[PDB]
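Per-entry structural report
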Amino acid sequence: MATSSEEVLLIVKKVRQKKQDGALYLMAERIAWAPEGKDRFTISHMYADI
Amino acid sequence: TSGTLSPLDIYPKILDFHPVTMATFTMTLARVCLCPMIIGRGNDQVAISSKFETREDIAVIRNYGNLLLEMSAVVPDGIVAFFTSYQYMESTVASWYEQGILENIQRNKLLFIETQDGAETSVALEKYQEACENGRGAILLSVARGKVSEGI
Amino acid sequence: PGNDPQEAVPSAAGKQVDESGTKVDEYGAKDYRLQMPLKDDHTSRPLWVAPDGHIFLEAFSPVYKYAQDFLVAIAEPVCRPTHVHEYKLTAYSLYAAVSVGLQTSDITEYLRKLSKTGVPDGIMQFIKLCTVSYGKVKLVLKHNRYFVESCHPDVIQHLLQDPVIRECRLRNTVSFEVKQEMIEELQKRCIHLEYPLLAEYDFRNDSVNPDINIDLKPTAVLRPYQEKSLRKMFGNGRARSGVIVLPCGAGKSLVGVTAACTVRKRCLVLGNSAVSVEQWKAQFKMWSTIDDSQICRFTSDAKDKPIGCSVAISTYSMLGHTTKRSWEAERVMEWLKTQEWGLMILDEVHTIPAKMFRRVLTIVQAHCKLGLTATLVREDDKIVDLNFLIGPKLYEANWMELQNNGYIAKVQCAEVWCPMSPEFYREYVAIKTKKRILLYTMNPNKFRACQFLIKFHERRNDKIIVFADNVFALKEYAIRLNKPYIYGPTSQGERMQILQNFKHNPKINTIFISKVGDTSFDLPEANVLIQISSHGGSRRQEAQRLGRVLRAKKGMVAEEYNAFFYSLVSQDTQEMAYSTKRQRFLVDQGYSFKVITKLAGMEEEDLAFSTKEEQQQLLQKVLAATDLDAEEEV
Amino acid sequence: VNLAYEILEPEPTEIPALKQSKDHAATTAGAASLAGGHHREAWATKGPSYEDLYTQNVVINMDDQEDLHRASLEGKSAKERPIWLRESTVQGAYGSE
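Residues numbered from 1 in each chain as written, not as in the entry; some residues may be left out. Chains lettered and ligands numbered in written order. Part of a larger assembly, values for the part shown. Heavy atoms only, no water.

Naming follows the PDB entry, where chain D appears as General transcription factor IIE subunit 1 of Homo sapiens. As recorded in the PDB, this entry has the title "Human holo-PIC in the closed state".

The name given to chain B in the PDB entry is TFIIH basal transcription factor complex helicase XPD subunit, with Homo sapiens as the source organism.

Focus: the overall build of chain B
A tally of regular secondary structure across chain B gives four helices and three strands. In chain B, the succession of α and β elements from N to C terminus is α-β-α-α-β-α-β. By the compact-globule yardstick of 15 Å for 152 residues, chain B is too spread out, its C-alpha radius of gyration being 19 Å. Considered along the principal axes of its C-alpha atoms, chain B spans approximately 55 × 40 × 40 Å. Within the span of chain B, comprising 152 residues, buried residues form 27% of the whole. Counting contacts in chain B only where the partners sit at least 6 residues apart, residues at least 24 apart contribute 68% of the total. Carbon and sulfur atoms form 56% of the exposed surface of chain B, whose accessible area is close to 11900 Å². Of note, chain B has its 12 positive side-chain charges centred 5 Å away from the centre of its 18 negative side-chain charges. (Helix = DSSP H or I, 4+ residues; strand = E, 2+ residues; numbered from the N terminus. Rg over C-alpha atoms; globule rule 2.2 N^0.38 Å. Buried < 20%, exposed > 50% of the residue type's maximum accessible area, 1.4 Å probe, protein only. Contact = heavy atoms within 4.5 Å. Areas by Shrake-Rupley, 256 points an atom, 1.4 Å probe, with all protein chains shown as cover. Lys, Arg positive; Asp, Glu negative; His and termini not counted. Charge placed at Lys NZ, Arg CZ, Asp CG, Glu CD.)

Concerning unusual backbone geometry
One non-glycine residue, B:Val46, lies in positive phi territory at about 55°. Structurally, B:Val46 can be placed in the segment before α1 (59-71). Despite not being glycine, C:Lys142 shows a phi value in the positive range, around 60°. With respect to the helices, strands and loops of the structure, C:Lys142 is situated in the loop between α3 (104-114) and α4 (153-156).

Some points on the pattern of salt bridges
Counted under the stated rule, the structure contains 36 salt bridges over all chains. Here A:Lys38 makes a salt bridge to C:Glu560, at a shortest N to O gap of 3.9 Å. Placement of A:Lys38 in the loop between β2 (31-33) and β3 (43-44) and of C:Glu560 in the loop between α18 (541-549) and β13 (565-570) is noted, with the two residues assigned to different chains. The partner of C:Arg480 in a salt bridge is C:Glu614, with the nearest N and O atoms 2.7 Å apart. Taken as a pair, C:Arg480 in the loop between α16 (476-479) and α17 (492-500) and C:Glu614 in helix α21 (residues 612-617) lie far apart in primary sequence, 134 residues in all. (Salt bridge = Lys/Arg side-chain N within 4 Å of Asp/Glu carboxyl O.)

Some details on the interface of chain C and chain A
Taken together, the contacts link 16 residues of chain C with 13 residues of chain A. Taken together, the two surfaces of chain C and chain A that pack against each other cover about 1200 Å², and 44% of this comes from carbon and sulfur. Three residues, C:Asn461, C:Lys553 and C:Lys554, lead the burial of chain C against chain A; their summed loss comes to 54% of the area buried on that side. Linking chain C with chain A are three salt bridges, by the criterion used here. Here the side of chain C that touches chain A is built from residues that sort into four nonpolar, three polar and nine charged. (Buried area = accessible area lost by both parts, 1.4 Å probe. Nonpolar A, V, L, I, M, F, W, Y, C, P; charged D, E, K, R; others polar.)

Things to note about helix α6 (residues 224-233) of chain C
Residues and elements named next belong to chain C. Taken residue by residue, α6 has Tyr225, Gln226, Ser229, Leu230, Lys232 and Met233 as its buried positions. Looking straight down α6, one finds that the buried residues subtend no more than 165° of arc, so they occupy a single side. Against the buried residues of α6 lie α2 (69-73), β3 (243-244), α7 (254-263), β7 (368-372), β8 (393-395) and α12 (399-403). (Arc of directions from axis to C-beta.)

Comments concerning the nonpolar core
Residue and element names in this part refer to chain C. Judged by nonpolar contacts, the single largest core of 38 residues is most densely connected at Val466, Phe512, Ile530, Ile532, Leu568 and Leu599. At the level of secondary structure, the elements contributing two or more residues to this core comprise β9 (413-418), α14 (437-441), α15 (444-458), β10 (464-467), α16, β12 (528-531), β13 and α22 (619-622). A per-element tally of this core places α15 first, with six residues. The contacts of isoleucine 532, once residues within four sequence positions are left out, are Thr441, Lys446, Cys450, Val466, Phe467, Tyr477, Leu568 and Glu575. Grouped together as the second largest cluster of nonpolar side chains are 34 residues, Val98, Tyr201, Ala260 and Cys267 included. (Core = buried A, V, L, I, M, F, W, Y, C linked by side-chain atoms within 4.5 Å.)

What to know about the environment of C:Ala397
Residues and elements named next belong to chain C. Within the element layout of this structure, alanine 397 appears in the loop between β8 and α12. Given the relative accessible area of 12%, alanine 397 is considered buried. Between the alpha carbons of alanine 397 and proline 247 there is a distance of 8.7 Å; along the sequence they are 150 residues apart. Apart from the residues within four sequence positions on either side, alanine 397 is in contact with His83, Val245 and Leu402.

Description of the sheet that holds strand β6 (residues 343-347) of chain C
All names here are of chain C. Overall, parallel pairing links the six strands, which are arranged β5-β4-β6-β7-β3-β8 in an open sheet. Every other strand in the sheet has two partners, leaving β5 (313-314) and β8 as the edge strands with one partner each. The pairing of strand β4 (residues 268-270) with β6 spans three bridges and is classified as parallel. Within β6, the position partnered with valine 269 by the bridge is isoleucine 345. (Pairing = 2+ DSSP bridges.)

Quick word on the packing of α6(C) against α7(C)
Helix-helix packing: each pair is described by the crossing angle between the helix axes and the interaxial distance. Residues and elements named next belong to chain C. Look at α6 against α7: their axes get within 10 Å of each other, and the N-to-C directions meet at 50°. The angle between the axes of α6 and α7 places the two elements in the oblique class. As α6 packs across α7, the resulting crossing turns out to be right-handed. Listed contacts from α7 to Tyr225, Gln226 and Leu230 of α6 are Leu254, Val255, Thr258, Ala259 and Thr262. Split into classes, the residues belonging to the contact of α6 with α7 amount to five nonpolar, three polar and no charged. (Axes fitted to C-alpha atoms, helices over the stretch in contact; angles between N-to-C directions. Parallel < 35°, antiparallel > 145°, perpendicular 65-115°, else oblique. Left-handed = near helix turned anticlockwise from the far one by under 90°.)

A look at the pairing of β9(C)
Residues and elements named next belong to chain C. Along β9, five of the six residues are buried, which leaves the element largely enclosed by surrounding structure. Here β9 runs beside β13; their pairing, made up of six bridges, is parallel. Directly across from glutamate 415, in β13, lies its bridge partner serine 567. Sheet analysis places β9 next to strand β14 (residues 595-596), joined by two bridges and oriented parallel. Residue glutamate 415 lies in a different strand from β14, and its bridge partner there is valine 595.

Here you go:
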């Protein structure tokens, strides 16, 4: 380890969210539930407020 | 002399004669003075009225917070809102704390809600008049028959 | 011999159709259709009258204004593909009765003004006097009250049939009374024998149980794709029997429960199979209290409260076997005609023949019928229309607005034509049996493409399922490349866990299904579908499977595409007979269609059957496979 | 006097407020949530300004950083790279024009 919180977490496609099988992306320092094939993010949070 | 007294058919409630009856139209070229608007959803949700409902539903409360959040970013100055009574006003503000509606309003304008005691009401209006003139215009969340509706 | 009725009027065949020999009055009005557009843009685009009996209205720019003018014009014949771009077709037959409530003499004046100094020939003018708006209403009379609409031509032409043979107004819009209650079956056959059509409306006053008639439901309505179909099917308190079109992957069984609350009718759900029992029951839980009050299930071995409730979920009329089912089907048919006669909810009726529809109306005395089918025609038939017994075509939704909102996946159709293998083509024109079907089905040139399409989506870990009509054909397609597979003759306990291994507790990605594991217990709902065979008997069953399986990658798509849909069709195998008919249906769904005959990149890929020696060993196995290998019964 | 403070008391009160001994009310709720019964099994003091607790701390540190963007390339390769198909017409090529 380089003491930098490296290695991006595993990304899992197609995850339901109250009858909405969108897409939950696990980046580096924050979480982002990307709404299918788009550029924005519906559920936008980070690795702190959880 | 009253401006809000326009329905004259119910005026004989006092049981007094009144032969002098006349309205007022005020001929004005540009109608940019006022702009009455009525929002009632319609054939999309039809949930906007709550005359005998408290916290049994969340469709009307969500519509009151979505429209108020958008108007807080387009009005050039302050916004003076009014609710029904003290019971429905407290249930609407408390419901915004769970979904996260009142928290976004605090980002733009400053919140001002009418209290119950008369001592804390006079000091609350002075803070609203100071913020709207010096900095950004705040917002008023009071009651139609409270204390900021008699004559401000 | 001994069967010469009427009809027999269409006549158009051959390459030289030269349909220009009888027009009488048409050449004189051809010049008038040119000088009018030269004035203003509004004084143009007429209707283009034809000597046969059809007009071409506006369809180039339907926008929002002209989208409502055709809704009244289509309210007379069957529903043609309205939401298109070419020309909207309009006729006048059958359906001009259970549609709106205006006379045909009023819509004629609007057509003459659109042509701008010109009458629409004159053949269809004298026809506007057949079917009218008539029906029956159930009220306090506890039977039938004869009053329809405020119009007047709908009552004059009726006295010379029913009132001349039997009275009616005996008890105590021009309303009538009840004629001894029993007299009712003879009236339904005397009105349709002439020319007018009946349409029994709503309202009732017999057999009550669920407290009152307003139950409990939140008034906050949502989903604009269901409210627009609700006001069109039942938006005036009348009946208007027909079939509405709605997306499959949005809630087909959800619009029926919501409509049953506004209609306020003790409806009866009639599913198509076993999967329709659990779907309709799920909507009576999170939306009403009927699940634990007035619930009933005559199928799937339940019999929950046979007496005391009318809202039940059955399966058409498949519960009536001869001798084997004697007293079982008798108690179901007798006890249903007494405490139930509401709405006949129907779903997926484009594959059910007319023989089953006769037994549906016989075992129950429903006064109304409901149509919930997204397809247009039935069993791909254009010469015989058997939809007049379960409700004809009523209204279809705008697929362009449904797809560009978040109701269906962005289907990107692209046909893939693969060359035919020479080793398997020699035996195709050699034998004259049914064994030649598996020859072009097991095409090694298509198997390499079928494996390439799976690898093309394997890196994109997308929900992909290869479809196949044959049962013993998709088995080899999964063993050669190490993947699981399911088919018909398997086991109920085995498919119970494998079906959950794709939606509930998944663990396998590439699964091969057929025509059994889709409308039996749970919907597939994948994303990418591959069609191998395109010549089977199910020429219309895969139409609704395109909407149920191909779901979006979220549920509320904005404006971009992502879902893919390919099709593997063999070359020089007499398969274009069905590959051509699919183009007429895809252009009406708003899907992008294209043809890609060369994948360009299939050879440079680590696939199987690379050498010619492996393709030769498959010939010794396909011909050796016995055709009797099908189930195990005698 | 304490009996009339609740007006209607079908049971000997539930958990209204404490008014006087309020500084100790944070000790009882702090030991119940730390033991096992967390969730919302707690109370406060109606009247003054209530009280809350359980899992409310501040985090401070000084590290991390230095080479973090180099890991975004490996995680992005798990999806799909934007590329077209191997175009090959085996005849005549294009000419831009």
